[PDB]
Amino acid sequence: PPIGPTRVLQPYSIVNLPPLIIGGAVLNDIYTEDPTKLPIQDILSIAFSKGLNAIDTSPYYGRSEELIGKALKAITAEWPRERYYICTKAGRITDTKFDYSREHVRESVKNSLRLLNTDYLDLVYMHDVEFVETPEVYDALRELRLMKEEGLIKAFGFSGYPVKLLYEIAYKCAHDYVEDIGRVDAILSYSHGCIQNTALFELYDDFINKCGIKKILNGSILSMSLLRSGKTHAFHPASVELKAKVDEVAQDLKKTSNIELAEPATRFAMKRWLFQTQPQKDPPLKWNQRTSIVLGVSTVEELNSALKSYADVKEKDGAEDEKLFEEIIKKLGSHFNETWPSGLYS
């Protein structure tokens, strides 16, 4: 079942990014090296046809931009540029390297425009803002704001892990820096909108109303594959005890119930974020268009599975779901809402 329109709604608004956005990080070189995978142009074209007509990439994702850029040019006939959204980032070059100077932001965004084979991007985030001093974050945002007025980008924002730093940066943009920056169009938060950490859900009204944000994106709804049986996570930043409590709950759900943690943890992030951030009545729930979730889709399996949990959450009673949700959050008990360190911010 298609989640939404397969075209960019007019009049244009970055609020119209679809409820599910392709996590374009997955389309890297390990992808083009796996004999099992479809050509990127095919996974992109199927996803688009189901209402996932938007991708999130970054220069930090290696050959993603070029690959996605490569694949985009081939589907021009069925999928011209005006049919989809393109989201990209600047500022994180490597796992350790950061340059937020204004010249680079223009360049990196310029480099992205050539690879993605477009003369405009829908959304550019400054990537992972907790890794730099905060005055450098504002000046970078001043650059993106000028790019937006130039018509090179339609919207600008930033991302990062610690959700209160995000609030402080967004707040100041809309207040103390309202001349130079103004409200940012969108923020991307991750691993704070999931069954083990809901701190994004509690801050949603403060982001929309007090920071004037137009659109909030929730990433890592499985917390970098932590909310998943079988230790799908290798070098997760979470503490050992968090990683072991999640492990515990996952096997205890595969053993007594044959339940894979990822499906109730997916439906929970889907339901609380995309629908319940606004008053609901009874199924069928109404999507809150100020929200989207970014998730990888590297197979048609992964895609129809996301499509099914979205449809399940949107259209089914889910009283049983709520009872399952309480138990998981209960079982995690102590480590619910536990965070880890990221960057220079405590």
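In this text, residue numbers run from 1 along the sequence as written.
When the C-alpha B-factors of 238-246 and 82-90 are averaged, 238-246 comes out higher. Taking only CA atoms, the mean B-factor in the PDB entry is higher for 108-116 than for the other of 157-165 and 108-116. Residue-level inspection of the entry shows that, of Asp99, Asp185, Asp122, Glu202, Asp99 has the top Cα B-factor. Out of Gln251, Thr266, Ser220, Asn209, the entry records its largest CA B-factor for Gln251. Split the chain's modelled residues into thirds by C-alpha temperature factor. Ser191 is in the middle one.
Among the modelled residues of its chain, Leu17 has a C-alpha B-factor that falls in the lowest third according to the deposited record.
In the deposited entry, the Cα temperature factor of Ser58 sits in the middle third of values across the chain's modelled residues. Residue-level temperature factors show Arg290 in the lowest third of its chain, judged at the C-alpha atom. Annotation for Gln278: C-alpha temperature factor in the middle third relative to the rest of the modelled chain, per the entry.
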